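Topology and contacts: notes
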Amino acid sequence: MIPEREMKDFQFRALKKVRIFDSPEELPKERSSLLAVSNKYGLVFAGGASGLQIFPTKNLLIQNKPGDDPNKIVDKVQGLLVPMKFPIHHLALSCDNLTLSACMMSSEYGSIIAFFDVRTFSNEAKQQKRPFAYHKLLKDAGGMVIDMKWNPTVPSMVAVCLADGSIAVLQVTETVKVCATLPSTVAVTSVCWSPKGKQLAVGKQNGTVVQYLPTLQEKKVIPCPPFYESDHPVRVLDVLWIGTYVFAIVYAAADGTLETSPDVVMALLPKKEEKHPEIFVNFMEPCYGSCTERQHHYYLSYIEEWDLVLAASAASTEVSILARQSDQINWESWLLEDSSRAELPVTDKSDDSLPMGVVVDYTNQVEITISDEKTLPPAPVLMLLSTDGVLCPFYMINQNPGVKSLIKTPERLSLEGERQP
Amino acid sequence: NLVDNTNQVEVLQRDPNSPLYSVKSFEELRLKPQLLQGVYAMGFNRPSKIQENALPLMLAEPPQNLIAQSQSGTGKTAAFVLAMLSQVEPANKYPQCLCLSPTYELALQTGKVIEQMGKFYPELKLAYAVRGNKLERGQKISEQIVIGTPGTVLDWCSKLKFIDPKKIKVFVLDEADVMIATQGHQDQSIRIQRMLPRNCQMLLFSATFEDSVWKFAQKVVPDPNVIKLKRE
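We now examine empty space enclosed by the protein. By the definition in use, this model includes four cavities of 30 Å³ or more. Put simply, the largest cavity is a space of about 190 Å³. Lining the largest cavity are 14 residues, with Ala-14, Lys-17, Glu-343 and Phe-394 of chain A together with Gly-184 of chain B positioned closest to its centre. Per-element accounting of the lining of the largest cavity gives the leading share, three residues, to strand 32 (residues 390–398) of chain A.

This is the structure in structure tokens:
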């Protein structure tokens, strides 16, 4: 049925857990994405109900020493607090790493996206770090950003999808231009750029994935997979465009129910020169769901050089991997050993913490200290922000044959060109 | 075999006003005949120092929970194997006792001890929920005891639907100090534990006992008797 494989050549290796925000009173339920990472400059951006926090990435990464309790949480670490008048539900960074978008809901005023010039964070002569441009979504409740993604190759371009079903493509330079929009009746639920950033794929309430040029002129429809019946109707919850004809697509119950659990589906598409149907493979619940209280959300990302997909989910304490096979076409679950997994911790009140944000650092330069005597070269670090306000870093050690080191040395941010309010 | 110890067991009973310590024979414990025979076949004669206090609590009527600390070779394993074997009913072909080991290689070691001491239970069978077991989805374990490492055990109880944890009568955590020191194991164990029934007997054993380990022990063994034996 679901293809699976004991992988002894991959392990997640936990670094110390680091508290960023104070534990909340209630479990945060809404769809959110609160971690961003500058891999160009080595910064991490964390957000919550309670401000925005920026750290040099290496400050957040602390290795266990022999003797230390690997379950002890470090209390704080030096970073910068930028006060925010309202709670943040989404953070993202442009592909040049110079624009941070912060999405906020105000009960009074509804939603707004603040855009920060990332140099301002480094500008010692600004005691207050203000955004240089806002974008106000006239909407109040239906104005919650539920997916928002910067273009991987056009630094000024960002795609934003709202709760009411509407969508917009924005251009953010020294100010904010609306380039394209589609109204709420289109029913967008999720959004994702092509690898080269030439098209936008949007998931939809009706279960389809439509492709678009950035001008939002429609290019290709992926139908709702045949295995779903009419009396079990579904919606795209999240989508990841991996290759031109390859996607990860997550389906969830159309009606919003939290009880049913989402299916991660890999989809291979035919070409113009083929009249094959679409191949779908249901891997189902690779991140096992312990929680039915939160809005569903899969955090998906592809690591080309490793040809695999990392997956986390708002309802799960576990991170899962779907790898391409030696085959080069099909996918398989990687089943990892007990002490080499990536799981969010149990809170001190004995509840499960769950993911609010997920990123990978490639600027780590420190070597992994294994034994007293053994040391491995630096690895990428998976970082999860939890519902409890704790950051959870794990080295990703891929010892599979032929994999080239992904580490990339970071640069200094020059204040030149900083945009002003 | 048994390591020497001049020292004495310290005992905090769960019940302050209900003194019931010290058995100096196995015959006293009213074991099932096939269990006492198991013991006999192993060459045991007297309970060990730690066993003398631990067994009356674990085998009380009804059984009671325990946090026990003593060094290697005190008889901890033997003591909890007795515990699990005395609750097991082989007639019922599904997991009833659940033992967590910090490593693969100890999961098997303990297994052998279980198998040897349970020699005269007819149709007693063990499952090993450890790295590289073969089981396909859909299956359900019919072995009456399961031993394994916390991550795989958790999967079997949850994800994979291999074990119904609401049916377990005895839960053991061997080597708490080592357990906690291993990535993942603390949270994994807590997650297993929370889905066991109220009336499950819980037992926890460690050589060391620093505050991390103690605080862990408290989350895992409600209403415990606590036993310490100072190292020698």
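Turning our attention to unusual backbone geometry. That bond from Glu-61 of chain B to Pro-62 of chain B is cis: its omega, -5°, falls within 30 degrees of zero. Of note, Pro-62 of chain B is situated in the loop between helix 2 (49–58) and strand 2 (66–69). Even without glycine at this site, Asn-97 of chain A takes up a positive phi of about 65°. Note that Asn-97 of chain A resides in the loop between strand 8 (88–93) and strand 9 (99–106). Of note in the backbone geometry, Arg-30 of chain B takes a positive phi value of approximately 55° without being a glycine. As for its placement among the helices and strands, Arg-30 of chain B is situated in the loop between strand 1 (9–12) and helix 1 (33–41).

Residues and elements named next belong to chain A. With antiparallel pairing, the four strands of this open sheet are ordered in space as 8-9-10-11. With partners counted over all chains shown, the strands left at the sheet margins are strand 8 and strand 11 (133–137), one partner each. Between one strand axis and the next, the sheet turns by 20° as a mean value, whatever way the strands run. The sheet contact formed by strand 10 (residues 110–117) and strand 11 spans five bridges and is antiparallel. Paired with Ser-111 across the strands is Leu-137, a residue of strand 11.

Turning our eyes to something else, we now look at the side chain of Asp-352 of chain A. Considering the arrangement of structural elements, one finds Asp-352 of chain A in the loop between strand 27 (331–335) and strand 28 (355–361). Residues within four places of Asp-352 of chain A in sequence aside, it is in contact with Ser-290, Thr-317, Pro-345, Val-346, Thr-347 and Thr-387 of chain A together with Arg-191 and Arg-194 of chain B.

This next bit is on the side chain of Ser-111 of chain A. All names here are of chain A. One can find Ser-111 in strand 10. Looking at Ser-111, the relative accessible area reads 1%, which means it is buried. At a separation of 2.7 Å, a polar atom in the side chain of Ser-111 contacts the main-chain carbonyl oxygen of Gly-143. If sequence neighbours within four positions are ignored, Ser-111 has contacts with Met-104, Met-105, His-135, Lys-136, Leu-137, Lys-139, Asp-140, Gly-143 and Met-144.

What follows deals with the interface of chain A and chain B. Contact with chain A, which involves 29 residues of that partner, is made by 24 residues of chain B. Contact with chain B buries area across many residues of chain A, yet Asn-71, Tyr-288 and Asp-338 of chain A alone supply 27% of it, more than any other trio. At the junction of chain A with chain B, the criterion picks out five salt bridges. For the salt bridge of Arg-191 of chain B with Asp-352 of chain A, the shortest nitrogen-to-oxygen distance reads 2.8 Å. In this structure, the connection of chain A to chain B is made through 19 residue pairs in polar contact. Of all elements in the fold, only strand 1 (4–6) and strand 2 (10–14) of chain A reach the threshold of two or more residues within the side of chain A that touches chain B. Counting residues per element, the side of chain A that touches chain B draws most heavily on strand 2 of chain A, which supplies three residues. Of the residues belonging to the side of chain A that touches chain B, the class tally is nine nonpolar, seven polar and 13 charged.

Before going further, it helps to examine helix 2 of chain B. All names here are of chain B. Burial analysis of helix 2 places nine of its ten residues in the buried class, the great majority of the element. Three or more residues of helix 2 are buried, namely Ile-50, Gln-51, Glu-52, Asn-53, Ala-54, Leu-55, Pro-56, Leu-57 and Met-58. Looking at the buried residues of helix 2, the elements they touch are strand 1, strand 2, helix 3 (76–87), strand 7 (201–206) and strand 8 (225–229).

Calculation notes
Residues numbered from 1 in each chain as written, not as in the entry; some residues may be left out. Chains lettered and ligands numbered in written order. Part of a larger assembly, values for the part shown. Heavy atoms only, no water. 1 Å grid on protein atoms, 1.4 Å probe; cavity = no way out; pocket = protein on both sides within 12 Å on 5 of 7 lines; lining within 4 Å. Points joined across faces, edges and corners; volume = space filled by probe spheres on them. Helix = DSSP H or I, 4+ residues; strand = E, 2+ residues; numbered from the N terminus. Pairing = 2+ DSSP bridges. Axes fitted to C-alpha atoms, helices over the stretch in contact; angles between N-to-C directions. Contact = heavy atoms within 4.5 Å. Buried < 20%, exposed > 50% of the residue type's maximum accessible area, 1.4 Å probe, protein only. Polar contact = N/O pair within 3.5 Å; in protein donor to acceptor, adjacent residues only side chain to side chain. Buried area = accessible area lost by both parts, 1.4 Å probe. Salt bridge = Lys/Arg side-chain N within 4 Å of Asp/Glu carboxyl O. Nonpolar A, V, L, I, M, F, W, Y, C, P; charged D, E, K, R; others polar.

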